[PDB]
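Here is the structure we will look at.
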Amino acid sequence: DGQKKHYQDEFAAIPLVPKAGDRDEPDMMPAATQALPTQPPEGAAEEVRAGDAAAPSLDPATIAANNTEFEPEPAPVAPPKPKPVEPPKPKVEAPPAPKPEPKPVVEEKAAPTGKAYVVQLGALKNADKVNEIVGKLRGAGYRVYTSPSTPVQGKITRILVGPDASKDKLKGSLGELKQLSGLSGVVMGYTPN
């Protein structure tokens, strides 16, 4: 019981450096009733006891914003001004003659079913047209699937190339996927059902 613990409540990483480190409680688990006479107020709660609020005021969602999709404050990536993202000058959709295996993708990556990805080339309510788009790609043996519930005539059927749960594997592949499918596909995050 001190007026100054040290700086915040320490419990993690206390190699016998503080007097006790672990806060000696007056009544709850370490003894009962009078376990801690308590001459200075110590902490009690005050307002911010320990894990109170603990919420970034600037960042609404650090795990969603920030470097997740490049969010710079000093130099914001505003649309105007022509800026490339390292164009395929040395090689433009060059098909690897040998198949490279930089660590088998038998891991999660992004997350299984969580942060999956898919490339939407089309979306139409005419299944006749659906059969073409899928017939072009899936018929050629590419990983091609359609909108969540069911392709049907009259309802919107989206056509998506490259269903995969590995964003790293697949979402980095979109550049060469324009060779793989060659259809006009937009980057969409896949959430299986």
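So the values come out like this:
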quantity	calculated
Enumeration of residues in the stretch 148-181 that are among the small types (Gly, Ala, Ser) and either within 9 Å of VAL118 (Cα to Cα) or touching a helix residue (DSSP H, G or I) at 6+ places or on another chain (Cβ under 9 Å) (or both)	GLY154, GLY162, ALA165, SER173, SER181
Some residue of the stretch 92-103 being touching a residue at least 40 places away in the same chain (Cβ under 8 Å) and not hydrophobic (A, V, I, L, M, F, W, C)	yes
Residue within the stretch 54-68 that is exposed (fewer than 11 other Cβ atoms within 10 Å of the Cβ) and either of a type in the set (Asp, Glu) or not in a loop (DSSP other than H, G, I, E, B) (or both) present	yes
So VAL85, is it in contact with an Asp or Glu (Cβ under 8 Å, 6 or more places away or on another chain), within 22 Å of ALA64 (Cβ to Cβ) and either hydrophobic (A, V, I, L, M, F, W, C) or in a loop (DSSP other than H, G, I, E, B) (or both)	no
Count of the stretch 100-146 residues which are surrounded by fewer than 17 Cβ atoms within 10 Å (Cβ to Cβ), under 28 Å from the mean Cα position of the chain (by Cα) and more than 19 Å from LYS167 (Cβ to Cβ)	1
Lone qualifier among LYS129, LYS136, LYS155, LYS169 - being of a type in the set (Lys, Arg) and not in a helix (DSSP H, G or I)	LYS155
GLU93 assigned to a loop (DSSP other than H, G, I, E, B) and under 30 Å from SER166 (Cα atoms)	yes
Matching option when the condition is surrounded by 10 or more Cβ atoms within 10 Å (Cβ to Cβ), on the phi > 0 side of the Ramachandran plot and either part of a loop (DSSP other than H, G, I, E, B) or hydroxyl-bearing (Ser, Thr, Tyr) (or both), among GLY21, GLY43	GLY21
Output for the stretch 172-184, where each listed residue is of a type in the set (A, V, I, L, M, F, W, C), surrounded by fewer than 19 Cβ atoms within 10 Å (Cβ to Cβ) and outside any loop (DSSP other than H, G, I, E, B)	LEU174
Single condition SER166 does not satisfy, out of (1) surrounded by fewer than 19 Cβ atoms within 10 Å (Cβ to Cβ); (2) under 13 Å from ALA110 (Cβ atoms)	(1)
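Read the figures in this text as sums done on the coordinates, not as results from a lab. Every residue, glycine as well, gets a Cβ built from its backbone with ideal geometry; the counts of neighbours run over all protein chains shown.
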